[PDB]
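Heads up: the structure comes next, in structure tokens.
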Amino acid sequence: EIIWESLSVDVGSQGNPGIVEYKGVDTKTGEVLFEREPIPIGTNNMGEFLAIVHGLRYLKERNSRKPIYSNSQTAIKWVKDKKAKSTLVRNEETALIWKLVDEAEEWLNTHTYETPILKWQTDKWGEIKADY
Amino acid sequence: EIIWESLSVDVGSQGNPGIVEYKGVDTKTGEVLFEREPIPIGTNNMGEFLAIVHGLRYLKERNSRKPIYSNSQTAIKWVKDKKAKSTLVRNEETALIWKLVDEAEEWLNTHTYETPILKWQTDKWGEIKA
Amino acid sequence: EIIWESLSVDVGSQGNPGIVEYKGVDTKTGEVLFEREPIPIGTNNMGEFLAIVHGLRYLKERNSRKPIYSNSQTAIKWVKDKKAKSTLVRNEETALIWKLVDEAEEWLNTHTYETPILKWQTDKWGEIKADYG
DNA sequence: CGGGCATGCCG
DNA sequence: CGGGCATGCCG
Ligand code: NA
Ligand code: NA
Ligand code: NA
Ligand code: NA
């Protein structure tokens, strides 16, 4: 069953690697709760990872334990392992997204949380609420 | 829990793509109920697909409602989708395996079967029978 | 059923990537017909590829129409494609294996042959006669 | 498509 | 075990 009192996150991207952005929304109402403006170079998995950790921090700051939904098997695993295993080259052109990933990993390594991170079941429920 | 009153299918593959064979067994006895003679070139997933559909036909012909276990989540989806989304090249040397896939796909598009198709949970239960 | 009047090839490696060697033997008698001394760094699949192409050339110069057996379906396909699809980095340490693979591809791309390259069916026939152990 | 993943013979 | 080779959801 869908947990309606939850937050849903999703990446939007052009190419992969390419321009990436993400947002987090109320799973029921669609209210946009946070967003990340387009990053010129990134990968889908890096964006999905940042989006979950942003939701974790958003909810922690508000003393909320409600679940987060993502449709990214890879990003959910990366968050559980506290390590984003991206193959994207790290240089001056990718320094932005790599710094954001560094900071997300740092947050996960320095905080605990009860937030359930749940797989959105696209085949059953249709597109995730935060889809672009 | 393991539904013991079932069939289990397994595929044997010498490389991938490569020589492929399969069989269906009684989950509780290991009796071999049907088998496919080696196929010169196929993929593991095509073997698993064909093995499921063979078991579906075998069970329907016996008016059996036993489930089928497969270790292959991909082939289970293919059968539920009625379409084997294989990347194997269609040419003269793979004609046989693709012929067999097309016949199985035929059979799925004209029958609505009773058989539950279950994933064998090797990580908990050990190797699928044979 | 086995074509006993044939060549069988096999590869021995220590590590992967690692030290690679290979040999070709008379399937019927077990006699070593050719053997490649240790190559310091290569992959198993590159070694299996080189061994088949060595067999092709060995049979061609001996005016032989005998087939080759290999237990590597990967290397059989690579030979069929005339391309060894190895991921091994090209650098100074891998220069020798890559030179050999590049020369083997050149030979395949400039020569025709009728030699059947056949899959040795280990689980059904036992260990290939050229096995290292 | 690419990104990463799940899953499929040899040292 | 891990690594070289493969067959196979989401933007
Ligand atoms: Na997504
Ligand atoms: Na998502
Ligand atoms: Na396969
Ligand atoms: Na190899």
Side-chain angles (χ1 to χ4, degrees), chain A residues 10-22 38 41-49 51 70-78 81 83-89 97 119-123 127-128 130-132, chain B residues 10-18 20 41-49 70-78 81 84-89 97 119-120 122-123, chain C residues 10-21 41-49 70-78 81 83-89 97 119-120 122-123 127-128 131-133:
Chain A
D10 203 6
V11 73
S13 55
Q14 328 269 325
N16 189 36
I19 301 171
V20 299
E21 67 192 307
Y22 68 75
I41 286 321
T43 76
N44 287 355
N45 284 331
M46 284 175 112
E48 297 265 19
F49 175 84
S70 162
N71 65 20
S72 171
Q73 168 186 75
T74 291
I76 292 167
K77 176 182 190 63
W78 287 2
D81 300 342
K83 169 84 178 141
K85 288 142 271 262
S86 177
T87 65
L88 173 74
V89 64
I97 202 173
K119 174 63 165 75
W120 183 262
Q121 300 285 114
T122 308
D123 73 317
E127 317 335 305
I128 193 166
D131 187 48
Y132 287 78
Chain B
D10 201 21
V11 177
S13 182
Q14 294 175 48
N16 201 25
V20 290
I41 290 319
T43 66
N44 196 263
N45 284 333
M46 287 163 111
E48 294 275 8
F49 178 74
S70 172
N71 196 223
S72 174
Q73 192 57 70
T74 296
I76 290 166
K77 175 162 135 49
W78 286 3
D81 289 348
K85 192 153 197 237
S86 178
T87 68
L88 183 73
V89 59
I97 189 97
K119 176 65 212 282
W120 183 260
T122 306
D123 48 317
Chain C
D10 198 21
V11 171
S13 63
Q14 276 213 102
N16 190 26
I19 305 164
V20 174
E21 56 192 295
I41 298 155
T43 69
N44 307 333
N45 291 325
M46 293 168 108
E48 294 275 10
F49 177 80
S70 166
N71 92 320
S72 170
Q73 180 71 39
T74 300
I76 293 169
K77 190 182 190 283
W78 285 5
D81 293 353
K83 172 145 184 75
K85 207 165 154 243
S86 175
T87 68
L88 185 68
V89 57
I97 194 98
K119 176 62 165 72
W120 185 263
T122 300
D123 293 351
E127 247 161 53
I128 200 163
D131 203 63
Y132 280 79

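Just so it is clear: chains get the letters A, B, ... in the order the sequence lines come, proteins before strands, and each one is counted from 1. Values below: every heavy atom of this structure, side chains too, minus hydrogens, waters and symmetry copies.
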- What pucker does E:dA6 have, north or south, from the sign of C1'-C2'-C3'-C4'?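 That sugar belongs to the north family, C3'-endo side.
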- Which sugar class, north or south, is indicated for D:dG4 by the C1'-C2'-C3'-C4' dihedral?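 Taking the sign of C1'-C2'-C3'-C4' as the criterion, D:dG4 has a south sugar, on the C2'-endo side.
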- If you round to the nearest 0.5 Å, how far is CE of C:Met46 from CG of C:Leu88?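 Going from the CG atom of C:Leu88 to the CE atom of C:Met46 covers 5.0 Å.
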- Find the distance between CG (C:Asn71) and CD1 (C:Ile76) and round it off to the nearest 0.5 Å.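 One finds 8.0 Å between CG of C:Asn71 and CD1 of C:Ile76.
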What nucleic acid atoms does [X] come within less than 4.0 Å of, heavy atoms only: base, sugar-phosphate, or nothing?
X        : answer
C:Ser86  : sugar-phosphate
B:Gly15  : sugar-phosphate
A:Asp123 : nothing
A:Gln14  : nothing
B:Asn45  : sugar-phosphate
C:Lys77  : nothing
B:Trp78  : sugar-phosphate
A:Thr122 : sugar-phosphate
A:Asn16  : base

- Item | All salt bridge (charged side-chain N to carboxylate O under 4.0 Å, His left out) counterparts of C:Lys83, not counting sequence neighbours |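 Partners of C:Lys83 by the salt bridge (charged side-chain N to carboxylate O under 4.0 Å, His left out) criterion come out as none, since no residue qualifies.
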- Would you say C:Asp10 and C:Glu48 make side-chain contact, with heavy atoms under 4.5 Å?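 When only atoms from C-beta onward are counted, C:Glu48 and C:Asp10 do touch, with a gap below 4.5 Å.
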- Going 5' to 3' along DNA chain D, which nucleotides are the first and last within contact of chain C (any atom under 4.0 Å from a heavy atom)?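 Using the under 4.0 Å cut-off, the span is D:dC10 to D:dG11.
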- Want to know the stems of DNA chain E: at least 3 consecutive Watson-Crick or G-U pairs with distances under 3.5 Å, which are they?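 As far as DNA chain E goes, consecutive pairing (with distances under 3.5 Å) yields the stems D:1-3 with E:9-11, D:5-8 with E:5-8, D:9-11 with E:1-3.
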- Please list, chain by chain and in numerical order, all residues satisfying ring pair (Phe, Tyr, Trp, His ring centres under 6.0 Å) with A:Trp78, sequence neighbours excluded.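 Residues passing ring pair (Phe, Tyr, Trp, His ring centres under 6.0 Å) with A:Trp78: none at all.
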- For atom NZ of B:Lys85, is the number of surrounding heavy atoms from other residues, nucleotides or ligands below 6.0 Å larger than 12?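 Atom NZ in B:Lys85 is not crowded, with 12 or fewer foreign heavy atoms closer than 6.0 Å.
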- For C:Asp81, which residues count as a side chain to side chain contact (heavy atoms under 4.5 Å, CB included) partner, sequence neighbours excluded?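 Testing C:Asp81 for side chain to side chain contact (heavy atoms under 4.5 Å, CB included), a comparison that skips the adjacent residues, returns C:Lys77.
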- Determine the minimum heavy-atom distance between B:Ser72 and B:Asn45, stating which atoms define it.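 In this case the closest contact between B:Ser72 and B:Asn45 is OG-OD1, 3.6 Å.
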- Item | With C:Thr87 via side-chain hydrogen bond (donor to acceptor under 3.5 Å, both in side chains) - residues at least two apart |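 So C:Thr87 forms no side-chain hydrogen bond (donor to acceptor under 3.5 Å, both in side chains) with any residue.
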